[PDB]
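Quick note, the sequences are listed as chains 1s, 1V, 1f, 1a, 1v and 1j, same order. Under the deposited numbering, the first residue of the first sequence carries the number 69, and numbering increases by one thereafter. Under the deposited numbering, the first residue of the second sequence carries the number 2, and numbering increases by one thereafter. Under the deposited numbering, the first residue of the third sequence carries the number 158, and numbering increases by one thereafter. Count the fourth sequence with the deposited numbering and you get residues 31 to 47, 52 to 144, in order. Under the deposited numbering, the first residue of the fifth sequence carries the number 265, and numbering increases by one thereafter. Under the deposited numbering, the first residue of the sixth sequence carries the number 14, and numbering increases by one thereafter. Below: the structure, in structure tokens.
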Amino acid sequence: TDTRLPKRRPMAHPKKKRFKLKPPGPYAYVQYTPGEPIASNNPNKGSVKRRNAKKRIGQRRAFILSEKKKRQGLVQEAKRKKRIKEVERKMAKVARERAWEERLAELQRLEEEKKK
Amino acid sequence: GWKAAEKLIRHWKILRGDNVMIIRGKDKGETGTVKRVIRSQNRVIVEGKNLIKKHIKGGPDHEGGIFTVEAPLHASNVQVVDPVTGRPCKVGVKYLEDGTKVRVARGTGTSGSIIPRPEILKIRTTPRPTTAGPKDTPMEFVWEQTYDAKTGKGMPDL
Amino acid sequence: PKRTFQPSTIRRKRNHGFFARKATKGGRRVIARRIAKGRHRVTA
Amino acid sequence: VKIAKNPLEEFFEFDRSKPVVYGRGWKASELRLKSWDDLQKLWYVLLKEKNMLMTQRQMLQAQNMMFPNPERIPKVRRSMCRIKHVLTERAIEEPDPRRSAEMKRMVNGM
Amino acid sequence: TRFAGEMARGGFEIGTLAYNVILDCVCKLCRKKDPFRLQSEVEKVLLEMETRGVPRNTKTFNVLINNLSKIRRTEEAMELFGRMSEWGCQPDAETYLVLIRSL
Amino acid sequence: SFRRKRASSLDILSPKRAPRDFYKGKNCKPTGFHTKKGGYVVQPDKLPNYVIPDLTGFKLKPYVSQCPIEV
RNA sequence: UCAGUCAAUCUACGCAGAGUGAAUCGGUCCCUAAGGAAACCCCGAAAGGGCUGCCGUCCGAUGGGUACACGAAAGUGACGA
RNA sequence: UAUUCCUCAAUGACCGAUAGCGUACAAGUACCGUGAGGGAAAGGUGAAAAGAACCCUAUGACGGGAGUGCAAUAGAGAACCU
RNA sequence: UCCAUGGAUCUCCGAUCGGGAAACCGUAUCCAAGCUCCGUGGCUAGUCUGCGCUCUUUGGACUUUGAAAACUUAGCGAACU
Ligand SMILES: [K+]
Ligand SMILES: [K+]
Ligand SMILES: [K+]
Ligand SMILES: [K+]
Ligand SMILES: [Mg+2]
Ligand SMILES: [Mg+2]
Ligand SMILES: [Mg+2]
Ligand SMILES: [Mg+2]
Ligand SMILES: [Mg+2]
Ligand SMILES: [Mg+2]
Ligand SMILES: [Mg+2]
Ligand SMILES: [Mg+2]
Ligand SMILES: [Mg+2]
Ligand SMILES: [Mg+2]
Ligand SMILES: [Mg+2]
Ligand SMILES: [Mg+2]
Ligand SMILES: [Mg+2]
Ligand SMILES: [Mg+2]
Ligand SMILES: [Mg+2]
Ligand SMILES: [Mg+2]
Ligand SMILES: [Mg+2]
Ligand SMILES: [Mg+2]
Ligand SMILES: [Mg+2]
Ligand SMILES: [Mg+2]
Ligand SMILES: [Mg+2]
Ligand SMILES: [Mg+2]
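Here it is as structure tokens:
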């Protein structure tokens with residue numbers, strides 16, 4: 069029961085360009101304010117400019133931010149692994165000292181058994 | 002080195018199942034039955050004759066050893082035995098009363114008797130299966146006629 | 158150093174392509190001579 | 031298993047067990067006994083079988099395994115060709131021009 | 265559909281004549297706009313009939329047979345005609361005439 | 014199946030081996046029309062409809078039985 | 001086995017199998033530049049060469065565009081260092 | 001009367017693998033050049049694959065035996081007659 | 001299997017419906033007739049008639065000739081030597 073109409077296909081016949089739609093003759097009939105200088109160009113609220121250029125600017129800004137985030141993530145992950153290695157090194161120090169206590173006890177007491 | 006410009010034999014007077022005598026080669030003077038005809042080489046295999054020895058290396062599937070099998074003989078090296086005299090003979094073409102080609106013995110010293118077509122030829126090498134498979138339609142379903150042009154039974158959805 | 162061949166696909170098709178040859182009488186003679194010799198590559 | 035539980039399992043041979055045997059292709063004289071509805075149903079049965087067979091060949095050759103009974107594919111292919119020939123025969127013998135054109139369009143449409 | 269909903273929420277139950285009219289309207293709209301949608305829409309209207317406990321009569325089968333025959337689906341109309349006794353309905357002259365013209 | 018071709022057929026232009034604005038296509042049937050904003054409107058009248066019957070309860074199978082029948 | 005400046009177990013190397021998922025990315029599509037070509041017309045032993053307009057067509061991005069179709073004496077799109 | 005993009009049949013004190021067509025072999029290919037264009041090389045185990053099971057030594061048999069075959073330096077994988 | 005004859009199917013470029021980086025893209029041509037089905041409108045309402053499309057048949061409207069070695073007949077016409 070939908071009453072909406074389908075989008076229609078564009079026609080392929082040639083259309084007149086706007087220069088040929090103007091009447092021939094020397095005069096141009098431009099918009100004129102009776103106390104103001106005649107403007108060379110009268111843009112309105114639809115006169116939008118540089119749409120592709122702004123799209124490219126936004127794309128470049130997004131690329132810069134994304135590459136920065138990638139770089140920061142890689143740096144942070146490597147510093148995390150470095151901190152883990154520092155903690156493991158500090159643990160291995162005291163494990164090494166205790167193991168040397170055990171080994172020195174074993175060697176000096178083997179010599180003590182040689183003494184008895 | 003198959004160096005000869007040998008043409009194919011197009012209509013064979015030498016058939017599978019024929020009783021022949023080897024008339025040329027190492028096994029000259031020996032009789033046998035034609036096990037197989039190799040048409041692409043103009044050669045035949047006579048059962049138990051022209052034996053070779055193959056050194057087959059056993060893989061995971063077959064078995065190794067030195068095996069004795071028949072080697073092919075050229076089709077001009079064998080000759081159909083005359084059914085009366087028992088001697089090798091040439092083969093002629095005789096048309097019967099109905100008009101069917103038959104082979105007859107030909108040559109001086111032959112009986113001219115009909116050389117019969119071997120009975121082994123009518124037997125299928127790949128026999129028909131005993132049990133139909135799960136995707137095989139039974140023949141009673143195949144024969145069910147659901148179309149009739151005269152009464153318009155089975156027309157499409159026009 | 159910089160060498161003579163600097164590849165560009167669209168320039169190759171615009172100079173030596175099939176329809177580039179078909180556009181001139183000399184190019185059509187090139188195609189006919191080319192087929193008469195039996196080359197597999199009629200146009201570049 | 032016996033029956034495919036979902037549409038994905040219709041791309042697999044659920045009946046494959052004892053060497054399984056497969057019959058021959060349909061003959062044109064046997065297809066000339068069948069109605070248009072039966073012939074269309076048989077066309078789609080053959081189409082699903084052909085899809086399953088090519089799926090099995092593609093799966094096995096992706097793992098460097100041999101595809102067993104490769105003659106099953108041309109049997110189905112030739113049966114489908116004979117079905118379309120029989121239907122085109124029926125289209126040609128139709129005396130009405132509009133019905134003949136519609137039957138030809140139904141057969142050859144893609 | 266909105267008026268049927270309003271009358272069901274007002275107190276009146278909806279009957280077989282109204283379901284026959286909705287089924288006919290659905291079938292005609294399907295045949296005008298998209299005829300390959302006809303079978304699920306018919307299935308939905310019929311399932312609304314057996315959910316509400318409203319039984320089918322001869323007019324329901326007449327509507328279905330007439331609408332199937334106008335897109336030349338004669339085999340479905342014949343299969344539906346053969347099963348009219350299972351819903352307890354019996355064919356009348358309109359069913360026979362529509363099926364003879366379609367055959 | 015592997016099949017022999019001419020080596021010269023590798024010189025035919027393909028969009029996989031082309032500049033990014035070269036379009037060829039694969040003989041797919043159109044489903045609508047291009048718009049002049051770079052879009053595409055699919056028209057359902059150009060879409061395929063597949064009439065496929067229900068296959069449950071059907072007795073005919075892909076192959077015909079080869080069992081010995083009668084003389 | 002070849003290749004790799006090797007006696008290589010490795011590999012951009014040989015065999016085999018696999019892998020690239022888009023309404024929005026890039027294209028296609030619409031629009032035109034430089035330029036190219038038809039038509040009409042002009043010129044020329046032939047082949048061809050010119051002309052793109054006073055009413056005029058089709059291509060051609062390195063640029064302008066992103067949720068119908070048709071029309072226009074409305075604005076514009078629209079720009080340097 | 002002229003000619004051969006072609007067909008059929010036949011002939012040669014014509015050539016016989018650096019010869020004869022550029023090509024006896026998947027050649028106007030490979031390869032070279034932006035392009036027009038230029039343009040190769042490469043025939044033969046044995047009658048028949050019977051193409052050497054098995055053993056020994058090497059990482060690995062193409063080796064040494066064994067066996068096949070008239071013959072095995074007749075043992076090759078676009079190549080083994082002399 | 002194979003043969004003879006007759007059939008069914010029969011992608012694309014070259015190429016001719018338009019565009020084009022050959023093998024791709026876009027394409028229900030247009031208009032008269034007479035016929036089943038289809039849908040909607042209108043009468044005093046029964047073998048009642050009047051408007052349409054889609055596709056089918058027969059025509060007629062636009063336009064598509066078209067390749068090919070040598071021989072032939074013509075136009076123009078060297079230089080080395
Ligand atoms: K002999
Ligand atoms: K040469
Ligand atoms: K020798
Ligand atoms: K001179
Ligand atoms: Mg020989
Ligand atoms: Mg080149
Ligand atoms: Mg087809
Ligand atoms: Mg091919
Ligand atoms: Mg690519
Ligand atoms: Mg296409
Ligand atoms: Mg190396
Ligand atoms: Mg690799
Ligand atoms: Mg985009
Ligand atoms: Mg311009
Ligand atoms: Mg110009
Ligand atoms: Mg001109
Ligand atoms: Mg053009
Ligand atoms: Mg344009
Ligand atoms: Mg661009
Ligand atoms: Mg600008
Ligand atoms: Mg040589
Ligand atoms: Mg020599
Ligand atoms: Mg030579
Ligand atoms: Mg060896
Ligand atoms: Mg010799
Ligand atoms: Mg075209």
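Ideal placement from N, C-alpha and C gives every residue a C-beta, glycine not left out.
Put residue i into one of helix, strand or coil per three-state DSSP.
i, result
"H119 (chain 1a)", "helix"
"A180 (chain 1f)", "coil"
"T126 (chain 1V)", "coil"
"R273 (chain 1v)", "helix"
"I39 (chain 1V)", "strand"
"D137 (chain 1V)", "strand"
"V116 (chain 1s)", "coil"
"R44 (chain 1V)", "strand"
"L367 (chain 1v)", "coil"
"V143 (chain 1s)", "helix"
"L26 (chain 1j)", "coil"
"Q90 (chain 1a)", "helix"
"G113 (chain 1V)", "coil"
Kindly say whether residue i, judged by its beta-carbon, lies nearer than 8 Å to any beta-carbon of chain 1V.
i, result
"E105 (chain 1a)", "no"
"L73 (chain 1j)", "yes"
"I65 (chain 1j)", "no"
"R365 (chain 1v)", "no"
"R295 (chain 1v)", "no"
"residue 51 (chain 1a)", "Between 47 and 52 in chain 1a the model has nothing, and residue 51 (chain 1a) is one of the residues in that span."
"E339 (chain 1v)", "yes"
Residue i and residue j: beta carbons closer than 8 Å?
i, j, result
"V120 (chain 1a)", "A62 (chain 1a)", "yes"
"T280 (chain 1v)", "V318 (chain 1v)", "yes"
"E71 (chain 1V)", "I46 (chain 1V)", "yes"
"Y56 (chain 1a)", "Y76 (chain 1j)", "yes"
"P32 (chain 1j)", "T166 (chain 1f)", "yes"
"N43 (chain 1V)", "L9 (chain 1V)", "yes"
"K59 (chain 1j)", "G45 (chain 1j)", "yes"
"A133 (chain 1V)", "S78 (chain 1j)", "yes"
Strictly under 8 Å for the Cβ-Cβ distance: is residue i near chain 1f by that measure?
i, result
"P28 (chain 1j)", "no"
Does residue i have its Cβ less than 8 Å from a Cβ in chain 1j?
i, result
"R168 (chain 1f)", "no"
"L121 (chain 1a)", "no"
"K75 (chain 1s)", "yes"
"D99 (chain 1V)", "no"
Measuring alpha carbon to alpha carbon, tell me which of the options ends up nearest residue i.
i, options, result
"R295 (chain 1v)", "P319 (chain 1v), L311 (chain 1v) and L328 (chain 1v)", "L328 (chain 1v)"
"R46 (chain 1a)", "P135 (chain 1V), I124 (chain 1V), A150 (chain 1V) and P139 (chain 1V)", "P135 (chain 1V)"
"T101 (chain 1V)", "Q42 (chain 1V), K91 (chain 1V), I115 (chain 1V) and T126 (chain 1V)", "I115 (chain 1V)"
"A80 (chain 1s)", "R19 (chain 1j), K49 (chain 1j) and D67 (chain 1j)", "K49 (chain 1j)"
"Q146 (chain 1V)", "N36 (chain 1a), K35 (chain 1a), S69 (chain 1a) and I33 (chain 1a)", "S69 (chain 1a)"
"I24 (chain 1V)", "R11 (chain 1V), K91 (chain 1V), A6 (chain 1V) and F68 (chain 1V)", "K91 (chain 1V)"
"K74 (chain 1j)", "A96 (chain 1a), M99 (chain 1a), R139 (chain 1a) and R58 (chain 1a)", "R58 (chain 1a)"
"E350 (chain 1v)", "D356 (chain 1v), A357 (chain 1v), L332 (chain 1v) and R320 (chain 1v)", "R320 (chain 1v)"
"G155 (chain 1V)", "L65 (chain 1a), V54 (chain 1a), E40 (chain 1a) and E43 (chain 1a)", "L65 (chain 1a)"
"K50 (chain 1V)", "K27 (chain 1V), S41 (chain 1V), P61 (chain 1V) and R104 (chain 1V)", "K27 (chain 1V)"
"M22 (chain 1V)", "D137 (chain 1V), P130 (chain 1V), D83 (chain 1V) and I121 (chain 1V)", "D83 (chain 1V)"
Could you tell me whether the Cβ of residue i comes closer than 8 Å to any Cβ of chain 1s?
i, result
"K42 (chain 1j)", "no"
"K49 (chain 1j)", "yes"
Tell me, please, whether the CB atom of residue i is closer than 8 Å to any CB atom in chain 1a?
i, result
"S78 (chain 1j)", "yes"
Name the DSSP beta bridge partners of residue i, please?
i, result
"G66 (chain 1V)", "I57 (chain 1V)"
"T34 (chain 1V)", "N20 (chain 1V)"
"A106 (chain 1V)", "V92 (chain 1V)"
"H75 (chain 1V)", "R44 (chain 1V)"
Is there at least one Cβ from chain 1v nearer than 8 Å to residue i's Cβ?
i, result
"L159 (chain 1V)", "yes"
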